[PDB]
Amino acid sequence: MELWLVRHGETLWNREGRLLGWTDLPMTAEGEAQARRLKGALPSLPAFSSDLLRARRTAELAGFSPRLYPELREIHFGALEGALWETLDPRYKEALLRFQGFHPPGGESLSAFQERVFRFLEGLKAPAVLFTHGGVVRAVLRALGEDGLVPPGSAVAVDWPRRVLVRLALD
């Protein structure tokens, strides 16, 4: 089934290289600009969005009025929230690079995160635009056997759960 996934515009922690999960940070001005650029580029489909500020504000600026769902949130990094990528212990770095066996103290395991996400996608009964986070888009792209890193404010359309349709980036 056709689905459009949107990664929210950038926040400060993106340029700072800090893990951003359930920490509810706002986007930067550039993030807001990235969200506006999406207007007129996404299809007119029912919209759903993470309840975190940066996501639904991206939804708003993109010209949508999405229903909110916590299930579309980024992974909960637990004690690793706000942690600089550079300083992460090898085990966490590798876990995130290889996207496997990630168990952050006080947070969500990558396994639990994927089940939440894939379970939400399975519940969808019709094509829709999903305003979410980098880790969610990444989970979906990798599961479809592809590189999961896309630019903030960019989008991807897939035919879940068979293949990737298009990657839309607006410079």
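All residue numbers refer to positions in the sequence shown, first residue = 1.
As recorded in the PDB entry, 97-105 is the stretch of 97-105 and 71-79 with the greater mean C-alpha temperature factor. Between 27-35 and 136-144, the higher mean Cα B-factor belongs to 27-35. Within the selection 168, 164, 5, 1, the deposited Cα B-factor values reach their highest point at 168. Annotation for residue 21: C-alpha temperature factor in the lowest third relative to the rest of the modelled chain, per the entry. Sort the modelled residues of the chain by CA B factor and residue 41 lands in the highest third. Among all modelled residues in this chain, the alpha-carbon of residue 158 has a temperature factor (C-alpha) in the lowest third.
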